[PDB]
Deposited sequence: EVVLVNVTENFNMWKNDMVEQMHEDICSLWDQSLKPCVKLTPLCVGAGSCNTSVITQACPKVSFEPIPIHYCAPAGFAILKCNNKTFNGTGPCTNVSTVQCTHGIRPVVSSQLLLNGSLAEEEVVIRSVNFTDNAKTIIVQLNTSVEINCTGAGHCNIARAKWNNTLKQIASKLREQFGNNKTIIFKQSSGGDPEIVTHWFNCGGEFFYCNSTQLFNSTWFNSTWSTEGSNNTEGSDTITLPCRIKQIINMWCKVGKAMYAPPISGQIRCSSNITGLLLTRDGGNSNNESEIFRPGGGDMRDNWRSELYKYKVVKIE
């Protein structure tokens, strides 16, 4: 909207109230939009014997279809946008402007792979609040999209050549960060909830759990046409907004089909005092705030008058 001449501004994408607002907004859209047949949430207020809260309600089958949302300044505030093409997300931004609203952000809820988002303008970008801390998520932003085509018949397809090319570019970025003498290894999820261990997303209103092992099984700096991931549509789901469980009715459509563009990844690295010269990276995700961060990293909200 208007580029602030000769202004330097500090950003911190890891402490951004815009992310918190978007998180609460998306959580609300889901409550009012998706209705489970049964939902369970815990209640163990240190009283001893727990009391699970159980809600049972009409369970209509509805195709969910994420619509771009724009965030404009809240009353009394302004939105500053960083213009540095390859901004890491945390630090001084020299080329900053004021905008009326953010760009249109599709609120896609998923684990492991970020879908239908924004691409990096120059090279692949990796971001973390602390690269030294193995417990912190690493957000990967691709500069080229990879198609992933999924069907309710139980699989997803990805071009092996394209995926190979993107892995190479991600690994190059990772050793640029952790050591240019490092073998970069990709492995499957270590474990946890099903929504965490598989690439989890929604398509045609249904929850897909696709095994991503074939995507994360390679070593860098050390049949073959399409990668076909085995998929499962599930009815009993762990809630992402709060701790709890939701149950949905089985599918009613015989033709569930989605094609998405992979535009980023959520990764975690294996820590450890292993003085080996290799870093192990596994697909991660689960905190949807990281999904929103991947789009909001270039914005901050500042008090005006």
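Absence of C-alpha coordinates is noted for just one segment of the deposited sequence, namely 223 to 234.
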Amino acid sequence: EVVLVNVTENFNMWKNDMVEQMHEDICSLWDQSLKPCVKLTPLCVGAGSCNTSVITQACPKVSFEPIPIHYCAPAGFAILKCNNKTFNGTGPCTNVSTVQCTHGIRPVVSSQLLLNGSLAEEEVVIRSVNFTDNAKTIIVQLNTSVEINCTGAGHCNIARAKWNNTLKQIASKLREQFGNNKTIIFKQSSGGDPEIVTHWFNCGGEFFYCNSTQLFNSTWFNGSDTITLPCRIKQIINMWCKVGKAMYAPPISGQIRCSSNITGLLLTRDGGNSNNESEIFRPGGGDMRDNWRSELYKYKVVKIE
From here on, numbers count along this sequence of modelled residues.
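Between the stretches 88 to 96 and 153 to 161, it is 88 to 96 that shows the larger average CA temperature factor. Two stretches are in play, 15 to 23 and 290 to 298, and the higher mean C-alpha B-factor belongs to 15 to 23.
Of the candidates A47, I252, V38, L267, the deposited coordinates give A47 the top C-alpha B factor. In this structure the maximum Cα B-factor among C241, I280, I236, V62 is found at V62. When the modelled residues of the chain are ordered by C-alpha B-factor, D225 sits in the highest third. Ranked by C-alpha B-factor against the other modelled residues of its chain, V108 falls in the middle third. In the PDB entry, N143 places in the middle third of its chain by CA B-factor. The deposited CA B-factor of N180 belongs to the highest third of values across its chain. Sort the modelled residues of the chain by CA B factor and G204 lands in the middle third.
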